[PDB]
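Shown next, in structure tokens, is the structure this report addresses.
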Amino acid sequence: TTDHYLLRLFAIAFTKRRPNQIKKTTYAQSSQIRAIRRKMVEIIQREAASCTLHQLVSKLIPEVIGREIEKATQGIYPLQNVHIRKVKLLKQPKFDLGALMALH
Amino acid sequence: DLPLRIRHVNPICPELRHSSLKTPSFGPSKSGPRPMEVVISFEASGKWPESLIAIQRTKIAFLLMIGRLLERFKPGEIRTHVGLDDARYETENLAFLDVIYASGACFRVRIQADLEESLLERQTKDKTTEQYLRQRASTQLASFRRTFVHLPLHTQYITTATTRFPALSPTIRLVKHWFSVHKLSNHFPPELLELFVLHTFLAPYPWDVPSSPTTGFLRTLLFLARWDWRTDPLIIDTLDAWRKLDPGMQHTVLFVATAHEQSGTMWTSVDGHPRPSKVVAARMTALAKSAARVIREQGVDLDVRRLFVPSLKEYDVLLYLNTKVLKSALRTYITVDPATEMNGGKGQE
Amino acid sequence: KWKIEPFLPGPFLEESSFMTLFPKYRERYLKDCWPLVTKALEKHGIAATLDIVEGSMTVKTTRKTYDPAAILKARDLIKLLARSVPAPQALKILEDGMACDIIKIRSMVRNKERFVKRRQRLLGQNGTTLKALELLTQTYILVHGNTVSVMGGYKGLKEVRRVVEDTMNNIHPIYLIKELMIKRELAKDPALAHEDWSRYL
Amino acid sequence: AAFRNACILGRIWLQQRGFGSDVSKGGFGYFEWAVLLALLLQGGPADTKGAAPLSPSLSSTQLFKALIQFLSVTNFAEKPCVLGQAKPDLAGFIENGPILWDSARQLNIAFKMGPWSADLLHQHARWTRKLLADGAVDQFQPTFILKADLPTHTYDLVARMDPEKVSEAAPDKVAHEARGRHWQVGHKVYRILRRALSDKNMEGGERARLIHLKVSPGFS
Amino acid sequence: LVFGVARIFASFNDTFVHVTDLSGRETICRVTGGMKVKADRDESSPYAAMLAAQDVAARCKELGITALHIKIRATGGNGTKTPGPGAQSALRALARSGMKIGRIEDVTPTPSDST
RNA sequence: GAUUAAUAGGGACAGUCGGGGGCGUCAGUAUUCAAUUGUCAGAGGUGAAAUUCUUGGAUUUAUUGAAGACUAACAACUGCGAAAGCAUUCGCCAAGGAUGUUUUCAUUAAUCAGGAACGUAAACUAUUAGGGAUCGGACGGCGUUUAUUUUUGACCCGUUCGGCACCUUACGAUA
């Protein structure tokens, strides 16, 4: 983030079974999976690199990221549900009571 | 809950980065920095249109439905409205959700989408047959690039720096008040001013980090008095084409570059300062040289009010204005406390 | 010391709820075996809904649920109903002394044809070794693809765990059934109640 | 070979630093830089090794930056008051007591050094060590100017100590005359202002309201 | 209602009724299963879990928290991933003696690949 | 002076396809070991026990760090490789399959003596004639969803090659 917090985002995304279909397996091809994962990492990088941590949590709460991944991956293969399953803060290099009290 | 899920809400304010000239109190709708600009990004969609007026009317449609939910719900002590903008020229369709909280905080709300920058690049690219629109189209694209895109990372970096540098906030307030009494802040954008005061805190050589607001203010005025802007650009830690194409500096005087902004032009040349010998910029370096000269010749005493009284010399026409105000206006509803007419200004009257 | 009494008599503040997801071939069978499930879960106090559109079984604790372990019973019940245990057995987990277990056996054999041979060796000729294991261990064993789903008392869960690992590790289940029959014969008389029984197996 | 040019750079360093050989400014001047360069060329680390960027065949850049680094970390600016001392050839770091010492002549060189100017020399040395370790921005022309001694909170004090029994709160007696060489009032206001401005947290973390202090006797 | 977090480690050999604060750091009161039963055979039994849950609920009602969030686990590395009888019996006795239950979760260590 | 261009070959190009291979890299838990706290009487095994660890605090609770291993669920009446075998992401390196082409030399080929490269177990056992599935191309299209409208992809359908496997029938057989 812009406040120099490094963090890992783990996103999960299940494939959409299209209504009015007859075939039982909704398998995406492997190249299609690689394209989906490329668009997923592109979306989460482009929409998590610009904001601070408080705006990132405010976007994580109503799941705007998974909604935009669902909206932008449906030209490659439609996805049943995209969630971000883990956020892990690795290093926080600052202790600042100014922003930490501007939160509270 | 919306048809398009929220993704990012980033206020871009000097009230976030602790550099509004007046520190906020509850209420003051008169005040300049009171409507607090906030950029907002939705999730990605392909259903935004492909023209400027249409995308902006879709934007105010989303602002209208946000304001409709806000006026419906039980926090409706919050009041809101939608209002136009002119600061981006030629985009007459820019509107905001301006929202007042019960504790008097006013917030300017604007939506960002992914196709605006590409559309303004389209406007820079097209109309090639006219052959004179590209410079002012670049001005509009980079004014957008100021107010919408770079201000988020800007307030993030100044917010993460202002805790480690604590006198920086009254120092930018004092240098900005000096620019206010010397009539320079209307052509000078504020981000250039915050970077200008920020050089003395983050590149403090050969002095210490300023542990006093007056120390930081004096270091800013002497760095301006010793800054020869011809040969020296200001590179801060929070080029070789422009002095070739502009050797007399008729277009740009200040070059303030960062790892944020590596072009050095976004807060100086984009605004379009008039810059010959007899204008705002050379007048600014002349006032700072006069400040350093007075603080050399007479010292530091109660006659430091010469730095805060303007000279009003070397101006062609001078026009004095008075506005239809009562006594103690505007100050008492700005929340600033001069003017002893407002009795009890030392208390919560 | 081991018997468990049925619950005689609001113990839930946050209204708990669980979900599991099933495919379509199970959606048919669940759609026409569901009223038994929701009847017994209404007798336990937990609302159970089925969603053929998304393919999801949900349980949720109502206002008048009093047994707090009932939500764990219901979560295991919908797990087994998703994993295609038949419906009276999945409802038989709702008794007090029963518990289920899933044994992942695909990690135990590197080869494929050897794994198929050893799984069919676990299943036996005409299912006779499997129902012999079910009799000797008082369990319900379902050799389910790459896993093995067992139900019953906790003692039987432990013995079928040992037998399934030893069957995958090339010890024969007929040998293990002979071992269990010897252990049953030795535990019948308590004259040999505490000795080391390794001198007999 | 480059001893002369290294002393030249040290004199330029000190004349912009405001320090000199005078007793009223700390006594660290050209002579103290020169004897420091001699002691560091003939030793200085804790196991009495000849110091690594201080061999006699090196350039004035290396001699100057190594005197900067040793004044910035080892035992020569703030550590020769509290945590360490030096000895002459073969020169060695000793982790006890304050002096810049010569046992062959029984003279301490830093007798003119107050702890205030010592700590000022250490923040200057640490800053110049960072400046010489900087590899992107050119750093010859920044030479430190001393707003630590002249800030905007420069407090002007007019004190008449006449007569001394009724115009000074502490007695100027025979032992104070034997100890101090007419800078007794200055060292007094130094210790008084440090004890005034020093806090003390419960968890052992020492914090003060100030980092550095200077008392200049104006019009001396 | 002060929510304390009850870790119930229900294995096949012994059950651990453990009560911590919301942090996980400061143990309030724990009673293992085997300290209430004289027999190591019957250490993991519903009677043992009932006695342990009654003692833990008595101590935590003397301290006055009267509300728990319950996290149930078992031996999960190469173990069974199913709780023993201690989980059901301890939760039954725990909410049968006071103790408005909050959020129930089965936090078993599930390996992504163990052996 | 030089045939059919084979319903046999080998090659070229294009979009591709694959849990095929090598090298690096990125993660994920779990286990063990160690440290920091809250501990405060057993813990561990077993059908019961015992050996063992346990007021210098075991097992447990929380947080970090290291090491080695492996890649759950997805995971299949599937995919790839000649075989053993092959499942974390990304990058690089060659190779291979099928399809399509408005691609070339025209018997180059088939089969294996000799030889050459890769390497604790067992234990119940010229068509058949199509159809339903399946995946890899290529083509076609009434249409739903991408799509703010064109791409393009997902779903449905038909044609066509190619391939793992099911059932029926044998076209028969035969030890």
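Chain labels follow the order of the structure tokens: the first chain is A, the next B, and so on; residue numbering restarts at 1 in every chain, and ligands are counted from 1 in their shown order.
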task: Show which residues sit within 9 Å of segment 89-99 of chain A, as a PyMOL selection string. Count only C-alpha atoms (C1' of nucleotides), and ignore same-chain residues fewer than 6 positions away.
output: (chain A and resi 3-8) or (chain B and resi 159-160+162-164)
query: Can you list every residue in segment 5-203 of chain D that DSSP puts in alpha helix (DSSP H), as a ChimeraX atom specification?
result: /D:5-17,30-41,60-73,79-82,115-133,174-179,184-197
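In this comparison, which uses only C-alpha atoms (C1' of nucleotides), the residue of A:13, A:21, A:40, A:79 approaching chain F most closely is A:21.
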task: Tell me which protein, DNA and RNA residues are within 9 Å of residue 65 of chain A, counting only C-alpha atoms (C1' of nucleotides), leaving out same-chain ones fewer than 3 positions away, and put them as a ChimeraX atom specification.
output: /A:43-44,47-48,59-60,62,68-70,82-84 /B:5-7,42-44
Same residues, C-alpha atoms, output as a compact mmCIF listing (two decimals), in the first residue's frame:
```
# COMPACT_ATOMS: atom_id res chain seq x y z
CA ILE A 43 -7.28 -6.28 -10.83
CA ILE A 44 -6.14 -6.74 -7.23
CA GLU A 47 -7.15 -1.61 -7.15
CA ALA A 48 -5.05 -2.18 -4.03
CA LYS A 59 -13.18 -1.77 0.17
CA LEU A 60 -12.67 -5.24 1.64
CA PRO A 62 -18.54 -4.97 1.19
CA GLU A 68 -15.04 -6.19 -9.90
CA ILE A 69 -13.19 -9.45 -10.57
CA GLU A 70 -16.58 -11.10 -11.23
CA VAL A 82 -14.82 -14.49 -6.27
CA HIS A 83 -13.79 -13.83 -2.70
CA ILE A 84 -10.56 -12.72 -1.13
CA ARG B 5 -20.07 -2.48 -5.50
CA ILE B 6 -17.87 0.12 -3.78
CA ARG B 7 -14.13 -0.53 -4.00
CA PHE B 42 -16.02 1.40 -7.98
CA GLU B 43 -15.32 -2.14 -9.15
CA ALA B 44 -14.36 -2.62 -12.79
```
Please, which residues in chain F fall within 9 Å of chain C when counting only C-alpha atoms (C1' of nucleotides), and what is the closest atom pair and distance in Å to one decimal for each, ordered by chain then residue number, as CSV?
```
residue,atom,partner,partner_atom,distance
F:47,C1',C:187,CA,7.3
F:48,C1',C:194,CA,5.0
F:49,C1',C:194,CA,7.0
F:85,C1',C:111,CA,8.7
F:121,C1',C:170,CA,8.9
F:123,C1',C:172,CA,7.8
F:124,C1',C:125,CA,6.4
```
8 Å contacts from chain F to chain E using only C-alpha atoms (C1' of nucleotides), as a PDB file with N, CA, C and O atoms (P, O5', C5', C4', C3', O3' and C1' of nucleotides), in the first residue's frame:
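Writing the result to part_21.pdb gives the following:
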```
ATOM      1  P     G F  28       2.611 -18.440   2.702  1.00  0.00           P
ATOM      2  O5'   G F  28       1.395 -19.425   2.963  1.00  0.00           O
ATOM      3  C5'   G F  28       0.258 -19.403   2.118  1.00  0.00           C
ATOM      4  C4'   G F  28      -0.297 -20.783   1.937  1.00  0.00           C
ATOM      5  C3'   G F  28      -0.275 -21.643   3.180  1.00  0.00           C
ATOM      6  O3'   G F  28      -1.388 -21.377   4.015  1.00  0.00           O
ATOM      7  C1'   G F  28       0.530 -22.877   1.323  1.00  0.00           C
ATOM      8  P     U F  29      -1.214 -20.602   5.412  1.00  0.00           P
ATOM      9  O5'   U F  29      -0.443 -21.646   6.326  1.00  0.00           O
ATOM     10  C5'   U F  29      -1.127 -22.376   7.328  1.00  0.00           C
ATOM     11  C4'   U F  29      -1.475 -23.760   6.854  1.00  0.00           C
ATOM     12  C3'   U F  29      -1.031 -24.885   7.754  1.00  0.00           C
ATOM     13  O3'   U F  29      -1.885 -25.058   8.870  1.00  0.00           O
ATOM     14  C1'   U F  29      -0.449 -25.406   5.536  1.00  0.00           C
ATOM     15  P     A F  30      -1.276 -25.001  10.353  1.00  0.00           P
ATOM     16  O5'   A F  30      -0.811 -26.499  10.603  1.00  0.00           O
ATOM     17  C5'   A F  30      -1.674 -27.572  10.266  1.00  0.00           C
ATOM     18  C4'   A F  30      -0.908 -28.829   9.956  1.00  0.00           C
ATOM     19  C3'   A F  30       0.228 -29.158  10.903  1.00  0.00           C
ATOM     20  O3'   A F  30      -0.219 -29.790  12.086  1.00  0.00           O
ATOM     21  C1'   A F  30       0.971 -29.380   8.679  1.00  0.00           C
ATOM     22  P     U F  31       0.559 -29.551  13.465  1.00  0.00           P
ATOM     23  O5'   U F  31       1.872 -30.438  13.316  1.00  0.00           O
ATOM     24  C5'   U F  31       1.786 -31.849  13.199  1.00  0.00           C
ATOM     25  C4'   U F  31       3.124 -32.458  12.877  1.00  0.00           C
ATOM     26  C3'   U F  31       4.255 -32.098  13.820  1.00  0.00           C
ATOM     27  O3'   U F  31       4.245 -32.844  15.021  1.00  0.00           O
ATOM     28  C1'   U F  31       4.995 -31.863  11.595  1.00  0.00           C
ATOM     29  P     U F  37       9.348 -14.583  29.279  1.00  0.00           P
ATOM     30  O5'   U F  37       7.843 -15.087  29.263  1.00  0.00           O
ATOM     31  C5'   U F  37       6.879 -14.483  30.107  1.00  0.00           C
ATOM     32  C4'   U F  37       5.602 -14.182  29.367  1.00  0.00           C
ATOM     33  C3'   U F  37       4.356 -14.824  29.944  1.00  0.00           C
ATOM     34  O3'   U F  37       3.834 -14.105  31.040  1.00  0.00           O
ATOM     35  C1'   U F  37       4.406 -15.168  27.606  1.00  0.00           C
ATOM     36  P     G F  38       3.783 -14.798  32.482  1.00  0.00           P
ATOM     37  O5'   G F  38       2.304 -15.376  32.561  1.00  0.00           O
ATOM     38  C5'   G F  38       1.206 -14.596  32.121  1.00  0.00           C
ATOM     39  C4'   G F  38       0.001 -15.453  31.848  1.00  0.00           C
ATOM     40  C3'   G F  38      -0.120 -16.707  32.691  1.00  0.00           C
ATOM     41  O3'   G F  38      -0.626 -16.462  33.989  1.00  0.00           O
ATOM     42  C1'   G F  38      -0.551 -17.237  30.443  1.00  0.00           C
ATOM     43  P     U F  39       0.289 -16.758  35.272  1.00  0.00           P
ATOM     44  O5'   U F  39       1.204 -17.988  34.840  1.00  0.00           O
ATOM     45  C5'   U F  39       0.926 -19.310  35.295  1.00  0.00           C
ATOM     46  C4'   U F  39      -0.142 -19.961  34.452  1.00  0.00           C
ATOM     47  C3'   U F  39      -0.704 -21.280  34.960  1.00  0.00           C
ATOM     48  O3'   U F  39      -2.114 -21.289  34.775  1.00  0.00           O
ATOM     49  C1'   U F  39       0.118 -21.552  32.757  1.00  0.00           C
ATOM     50  P     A F  41      -3.917 -26.922  39.601  1.00  0.00           P
ATOM     51  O5'   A F  41      -4.232 -28.376  39.058  1.00  0.00           O
ATOM     52  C5'   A F  41      -3.551 -29.498  39.595  1.00  0.00           C
ATOM     53  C4'   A F  41      -3.335 -30.555  38.548  1.00  0.00           C
ATOM     54  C3'   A F  41      -2.918 -31.917  39.086  1.00  0.00           C
ATOM     55  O3'   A F  41      -3.460 -32.904  38.225  1.00  0.00           O
ATOM     56  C1'   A F  41      -1.259 -31.113  37.621  1.00  0.00           C
ATOM     57  P     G F  42      -3.863 -34.358  38.766  1.00  0.00           P
ATOM     58  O5'   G F  42      -4.687 -34.985  37.556  1.00  0.00           O
ATOM     59  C5'   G F  42      -4.039 -35.657  36.482  1.00  0.00           C
ATOM     60  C4'   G F  42      -3.266 -34.708  35.600  1.00  0.00           C
ATOM     61  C3'   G F  42      -3.046 -35.158  34.168  1.00  0.00           C
ATOM     62  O3'   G F  42      -4.149 -34.848  33.339  1.00  0.00           O
ATOM     63  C1'   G F  42      -0.997 -34.456  35.081  1.00  0.00           C
ATOM     64  P     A F  48      -8.939 -48.708  26.254  1.00  0.00           P
ATOM     65  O5'   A F  48      -8.669 -49.667  27.494  1.00  0.00           O
ATOM     66  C5'   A F  48      -7.711 -49.319  28.478  1.00  0.00           C
ATOM     67  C4'   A F  48      -7.528 -50.423  29.485  1.00  0.00           C
ATOM     68  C3'   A F  48      -6.393 -50.217  30.470  1.00  0.00           C
ATOM     69  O3'   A F  48      -6.776 -49.421  31.576  1.00  0.00           O
ATOM     70  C1'   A F  48      -6.224 -52.365  29.530  1.00  0.00           C
ATOM     71  P     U F  60       0.367 -30.110  22.866  1.00  0.00           P
ATOM     72  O5'   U F  60      -0.640 -29.132  23.610  1.00  0.00           O
ATOM     73  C5'   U F  60      -2.025 -29.413  23.643  1.00  0.00           C
ATOM     74  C4'   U F  60      -2.737 -28.562  24.662  1.00  0.00           C
ATOM     75  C3'   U F  60      -2.977 -27.120  24.269  1.00  0.00           C
ATOM     76  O3'   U F  60      -4.068 -26.966  23.384  1.00  0.00           O
ATOM     77  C1'   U F  60      -2.222 -27.224  26.510  1.00  0.00           C
ATOM     78  P     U F  61      -3.920 -26.023  22.098  1.00  0.00           P
ATOM     79  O5'   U F  61      -3.854 -24.562  22.710  1.00  0.00           O
ATOM     80  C5'   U F  61      -4.970 -24.020  23.393  1.00  0.00           C
ATOM     81  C4'   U F  61      -4.757 -22.569  23.720  1.00  0.00           C
ATOM     82  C3'   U F  61      -4.000 -21.772  22.677  1.00  0.00           C
ATOM     83  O3'   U F  61      -4.801 -21.376  21.584  1.00  0.00           O
ATOM     84  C1'   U F  61      -3.114 -21.302  24.804  1.00  0.00           C
ATOM     85  P     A F  62      -4.162 -21.323  20.116  1.00  0.00           P
ATOM     86  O5'   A F  62      -3.398 -19.932  20.086  1.00  0.00           O
ATOM     87  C5'   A F  62      -4.084 -18.724  20.363  1.00  0.00           C
ATOM     88  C4'   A F  62      -3.122 -17.607  20.662  1.00  0.00           C
ATOM     89  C3'   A F  62      -2.019 -17.397  19.644  1.00  0.00           C
ATOM     90  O3'   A F  62      -2.458 -16.671  18.512  1.00  0.00           O
ATOM     91  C1'   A F  62      -1.109 -17.335  21.822  1.00  0.00           C
ATOM     92  P     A F  69      13.788 -31.793   1.341  1.00  0.00           P
ATOM     93  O5'   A F  69      12.305 -32.355   1.538  1.00  0.00           O
ATOM     94  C5'   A F  69      12.085 -33.723   1.844  1.00  0.00           C
ATOM     95  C4'   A F  69      10.675 -33.994   2.315  1.00  0.00           C
ATOM     96  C3'   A F  69       9.572 -33.783   1.303  1.00  0.00           C
ATOM     97  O3'   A F  69       9.495 -34.841   0.369  1.00  0.00           O
ATOM     98  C1'   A F  69       8.894 -32.959   3.419  1.00  0.00           C
ATOM     99  P     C F  70       9.162 -34.535  -1.168  1.00  0.00           P
ATOM    100  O5'   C F  70       7.588 -34.320  -1.178  1.00  0.00           O
ATOM    101  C5'   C F  70       6.710 -35.350  -0.756  1.00  0.00           C
ATOM    102  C4'   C F  70       5.358 -34.795  -0.404  1.00  0.00           C
ATOM    103  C3'   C F  70       4.676 -33.987  -1.496  1.00  0.00           C
ATOM    104  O3'   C F  70       3.957 -34.806  -2.400  1.00  0.00           O
ATOM    105  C1'   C F  70       4.604 -32.787   0.540  1.00  0.00           C
ATOM    106  P     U F  71       3.630 -34.300  -3.888  1.00  0.00           P
ATOM    107  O5'   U F  71       2.510 -33.182  -3.706  1.00  0.00           O
ATOM    108  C5'   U F  71       1.188 -33.524  -3.302  1.00  0.00           C
ATOM    109  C4'   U F  71       0.442 -32.340  -2.729  1.00  0.00           C
ATOM    110  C3'   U F  71      -0.341 -31.508  -3.734  1.00  0.00           C
ATOM    111  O3'   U F  71      -1.478 -30.971  -3.070  1.00  0.00           O
ATOM    112  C1'   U F  71       1.233 -30.139  -2.666  1.00  0.00           C
ATOM    113  P     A F  72      -2.919 -31.031  -3.762  1.00  0.00           P
ATOM    114  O5'   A F  72      -3.872 -31.549  -2.599  1.00  0.00           O
ATOM    115  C5'   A F  72      -3.739 -32.860  -2.066  1.00  0.00           C
ATOM    116  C4'   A F  72      -4.625 -33.036  -0.862  1.00  0.00           C
ATOM    117  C3'   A F  72      -6.112 -32.871  -1.124  1.00  0.00           C
ATOM    118  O3'   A F  72      -6.709 -34.102  -1.479  1.00  0.00           O
ATOM    119  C1'   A F  72      -5.456 -31.581   0.767  1.00  0.00           C
TER     120        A F  72
END
```
At most 7 Å is the cut-off: for each residue in chain C with any atom that close to an atom of chain E, write down the nearest atom pair and the distance in Å rounded to one decimal, counting only C-alpha atoms, chain first then increasing number, as JSON lines.
```
{"residue": "C:1", "atom": "CA", "partner": "E:47", "partner_atom": "CA", "distance": 5.5}
{"residue": "C:2", "atom": "CA", "partner": "E:45", "partner_atom": "CA", "distance": 5.7}
{"residue": "C:4", "atom": "CA", "partner": "E:46", "partner_atom": "CA", "distance": 6.5}
{"residue": "C:11", "atom": "CA", "partner": "E:100", "partner_atom": "CA", "distance": 5.0}
{"residue": "C:12", "atom": "CA", "partner": "E:101", "partner_atom": "CA", "distance": 5.3}
{"residue": "C:13", "atom": "CA", "partner": "E:102", "partner_atom": "CA", "distance": 5.4}
{"residue": "C:14", "atom": "CA", "partner": "E:102", "partner_atom": "CA", "distance": 5.5}
{"residue": "C:16", "atom": "CA", "partner": "E:103", "partner_atom": "CA", "distance": 7.0}
{"residue": "C:67", "atom": "CA", "partner": "E:92", "partner_atom": "CA", "distance": 6.9}
{"residue": "C:68", "atom": "CA", "partner": "E:92", "partner_atom": "CA", "distance": 6.0}
{"residue": "C:69", "atom": "CA", "partner": "E:88", "partner_atom": "CA", "distance": 5.4}
{"residue": "C:101", "atom": "CA", "partner": "E:82", "partner_atom": "CA", "distance": 6.4}
```
message: At a cut-off of 12 Å, using only C-alpha atoms (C1' of nucleotides), what residues contact residue 65 of chain D? Leave out same-chain residues fewer than 6 positions from it and give the result as a PyMOL selection string.
response: chain D and resi 6-7+9-10+13+37+52-54+58-59+71-72+125-133
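The part of chain F that reaches within 7 Å of chain A is made up of residues 146, 153, 154, 155 and 156 of chain F, counting only C-alpha atoms (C1' of nucleotides).
Per DSSP on the backbone, strand (DSSP E or B) in segment 11-92 of chain A comprises residues 11, 12, 13, 14, 15, 79, 80, 81, 82, 83, 84, 85, 86, 87, 88, 89, 90 and 91 of chain A.
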Would you save the residues of that selection, restricted to N, CA, C and O atoms, as a compact mmCIF listing (two decimals), in the first residue's frame?
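Listing of part.txt after writing:
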```
# COMPACT_ATOMS: atom_id res chain seq x y z
N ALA A 11 -6.84 -14.68 -3.05
CA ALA A 11 -8.16 -14.66 -3.66
C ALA A 11 -8.50 -16.04 -4.16
O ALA A 11 -7.64 -16.77 -4.67
N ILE A 12 -9.77 -16.40 -4.02
CA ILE A 12 -10.32 -17.67 -4.48
C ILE A 12 -11.49 -17.34 -5.40
O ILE A 12 -12.16 -16.31 -5.24
N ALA A 13 -11.70 -18.17 -6.41
CA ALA A 13 -12.71 -17.85 -7.41
C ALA A 13 -13.25 -19.13 -8.02
O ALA A 13 -12.52 -19.86 -8.69
N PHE A 14 -14.53 -19.40 -7.80
CA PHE A 14 -15.14 -20.62 -8.30
C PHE A 14 -15.92 -20.35 -9.57
O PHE A 14 -16.58 -19.31 -9.70
N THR A 15 -15.86 -21.34 -10.47
CA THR A 15 -16.35 -21.24 -11.84
C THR A 15 -17.88 -21.30 -11.91
O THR A 15 -18.52 -22.13 -11.27
N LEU A 79 -17.32 -16.58 -13.58
CA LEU A 79 -16.91 -17.12 -12.29
C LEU A 79 -18.08 -17.05 -11.34
O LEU A 79 -18.75 -16.01 -11.25
N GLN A 80 -18.34 -18.15 -10.62
CA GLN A 80 -19.50 -18.23 -9.75
C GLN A 80 -19.34 -17.30 -8.56
O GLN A 80 -20.21 -16.46 -8.30
N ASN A 81 -18.24 -17.43 -7.82
CA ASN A 81 -18.02 -16.43 -6.78
C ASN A 81 -16.55 -16.20 -6.56
O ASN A 81 -15.76 -17.14 -6.43
N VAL A 82 -16.17 -14.93 -6.55
CA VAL A 82 -14.82 -14.49 -6.27
C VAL A 82 -14.82 -13.88 -4.89
O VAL A 82 -15.56 -12.92 -4.64
N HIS A 83 -14.02 -14.43 -4.00
CA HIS A 83 -13.79 -13.83 -2.70
C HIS A 83 -12.30 -13.63 -2.53
O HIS A 83 -11.49 -14.21 -3.26
N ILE A 84 -11.93 -12.78 -1.59
CA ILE A 84 -10.56 -12.72 -1.13
C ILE A 84 -10.51 -13.47 0.19
O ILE A 84 -11.11 -13.04 1.18
N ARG A 85 -9.87 -14.64 0.18
CA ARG A 85 -9.97 -15.49 1.34
C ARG A 85 -8.99 -15.15 2.43
O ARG A 85 -9.26 -15.44 3.60
N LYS A 86 -7.84 -14.51 2.12
CA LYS A 86 -6.93 -14.11 3.19
C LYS A 86 -6.27 -12.78 2.89
O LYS A 86 -5.91 -12.49 1.75
N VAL A 87 -6.12 -11.98 3.94
CA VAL A 87 -5.25 -10.80 3.95
C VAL A 87 -4.26 -11.00 5.08
O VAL A 87 -4.65 -11.29 6.22
N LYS A 88 -2.97 -10.84 4.79
CA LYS A 88 -1.93 -11.01 5.80
C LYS A 88 -1.02 -9.79 5.78
O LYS A 88 -0.35 -9.54 4.78
N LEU A 89 -0.96 -9.03 6.89
CA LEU A 89 -0.03 -7.91 6.97
C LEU A 89 1.33 -8.42 7.42
O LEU A 89 1.45 -8.99 8.51
N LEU A 90 2.35 -8.23 6.60
CA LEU A 90 3.66 -8.79 6.90
C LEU A 90 4.50 -7.84 7.75
O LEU A 90 4.96 -8.21 8.83
N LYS A 91 4.69 -6.61 7.28
CA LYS A 91 5.53 -5.66 8.00
C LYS A 91 4.84 -4.30 8.07
O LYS A 91 4.34 -3.80 7.06
```
Could you pull the residues within 12 Å of residue 171 of chain D, counting only C-alpha atoms (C1' of nucleotides), minus those fewer than 4 positions along the same chain, as a compact mmCIF listing (two decimals) with C-alpha atoms, in the first residue's frame?
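Dumped to selection-v2.txt:
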```txt
# COMPACT_ATOMS: atom_id res chain seq x y z
CA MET D 161 26.07 38.23 39.63
CA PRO D 163 27.43 40.72 44.74
CA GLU D 164 27.85 36.94 44.35
CA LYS D 165 26.42 36.04 47.77
CA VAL D 166 23.10 37.80 47.08
CA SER D 167 23.00 37.66 43.25
CA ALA D 175 36.48 24.64 45.95
CA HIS D 176 34.53 25.98 42.96
CA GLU D 177 37.36 28.45 42.33
CA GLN D 184 31.60 27.97 36.58
CA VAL D 185 28.39 29.93 35.90
CA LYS D 188 26.17 25.61 36.23
```
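Remark: for residue 18 of chain C, the closest of the candidate residues C:109, C:48, C:53, C:59 is C:59 (distances computed over only C-alpha atoms).
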query: Once you count only C-alpha atoms (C1' of nucleotides), which residues of chain B turn out to be within 8 Å of chain F? Could you give them as a ChimeraX atom specification?
result: /B:46-50
Rows by chain and residue number, segment 128-183 of chain B within 10 Å of segment 208-227 of chain B, shortest pair, only C-alpha atoms, as CSV:
```
residue,atom,partner,partner_atom,distance
B:165,CA,B:209,CA,8.0
B:166,CA,B:211,CA,8.0
B:167,CA,B:213,CA,5.6
B:168,CA,B:213,CA,7.3
B:169,CA,B:213,CA,8.4
B:170,CA,B:213,CA,5.9
B:171,CA,B:213,CA,4.9
B:172,CA,B:217,CA,8.1
B:173,CA,B:213,CA,9.2
B:174,CA,B:217,CA,6.8
B:175,CA,B:217,CA,6.1
B:176,CA,B:217,CA,9.9
B:178,CA,B:217,CA,9.3
```
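Candidate residues B:77, B:92, B:301, B:114 were compared for distance to chain A, and the nearest is B:114, using only C-alpha atoms.
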Nearby residues (only C-alpha atoms (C1' of nucleotides)) at most 10 Å from residue 58 of chain A, same-chain spacing under 2 positions excluded, as a compact mmCIF listing (two decimals) with C-alpha atoms, in the first residue's frame:
```txt
# COMPACT_ATOMS: atom_id res chain seq x y z
CA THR A 52 -4.11 3.42 2.00
CA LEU A 53 -4.87 0.67 4.50
CA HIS A 54 -8.06 2.24 5.84
CA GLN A 55 -9.54 2.60 2.36
CA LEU A 56 -8.38 -0.94 1.59
CA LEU A 60 -12.67 -5.24 1.64
CA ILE A 61 -15.76 -5.02 3.88
CA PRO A 62 -18.54 -4.97 1.19
CA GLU A 63 -16.26 -6.98 -1.16
CA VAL A 64 -15.83 -4.48 -3.98
CA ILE B 6 -17.87 0.12 -3.78
CA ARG B 7 -14.13 -0.53 -4.00
CA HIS B 8 -12.10 2.44 -2.74
CA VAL B 9 -12.80 5.63 -0.79
CA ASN B 10 -9.73 7.88 -0.50
```
